[PDB]
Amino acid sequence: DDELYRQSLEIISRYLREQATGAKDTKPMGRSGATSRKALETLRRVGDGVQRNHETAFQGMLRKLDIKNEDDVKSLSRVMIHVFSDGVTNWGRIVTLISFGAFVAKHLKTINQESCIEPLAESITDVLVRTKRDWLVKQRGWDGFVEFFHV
């Protein structure tokens, strides 16, 4: 019933799963998929920049998260909510959110827990769309996201 969440999960889920592994999801994309393909391209060009530019902090935070299993995923949500929700809302901070999601997803594919990439995505999507919905609606959602990072 919730269209922006579902779009957002399709974008975020694919960015993370494709980052943790080698290849893209070749499923055809749901409603608003030309924007989702574009937003996904944007997350690849800017997400990788953000990940290489913050590696040491990402390595620190990923290492003190000590993620074993899928039940660890949703105590993780507490530290990410704590770090993401209370300050300034803008597109850079949301892209940093999704890029650390890709970082942790890669780690989880290393420790043979790729089955936890999707719950992670869901949690990230749910945290972004819940606490930021009004902002996302007034900034036009993913079309605004693509236009903001356009080159």
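All residue numbers refer to positions in the sequence shown, first residue = 1. Whichever C-alpha set is largest while still superposing within 1.5 Å between the two forms counts as the rigid core.
Averaged as a root mean square over residues and superposed structures in 6 other deposited structures of this protein, CA distances to the shown form are larger in 21 to 29; the pair compared was 123 to 131 and 21 to 29 with a core fit.
Taking the root mean square of CA deviations in 6 other deposited structures of this protein after fitting on the rigid core, 104 to 112 and 66 to 74 differ, and the farther of the two is 66 to 74. Looking at mean Cα B-factors across 80 to 88 and 113 to 121, the upper value is held by 80 to 88. Mean CA temperature factor is higher for 47 to 55 when stretches 47 to 55 and 94 to 102 are set side by side in the entry. The deposited CA B-factor of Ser32 belongs to the highest third of values across its chain. Annotation for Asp25: C-alpha temperature factor in the middle third relative to the rest of the modelled chain, per the entry. Annotation for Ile67: C-alpha temperature factor in the highest third relative to the rest of the modelled chain, per the entry.
Among all modelled residues in its chain, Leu16 ranks in the lowest third by Cα B-factor. Among the modelled residues of the chain, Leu9 sits in the lowest third by CA temperature factor in this PDB entry.
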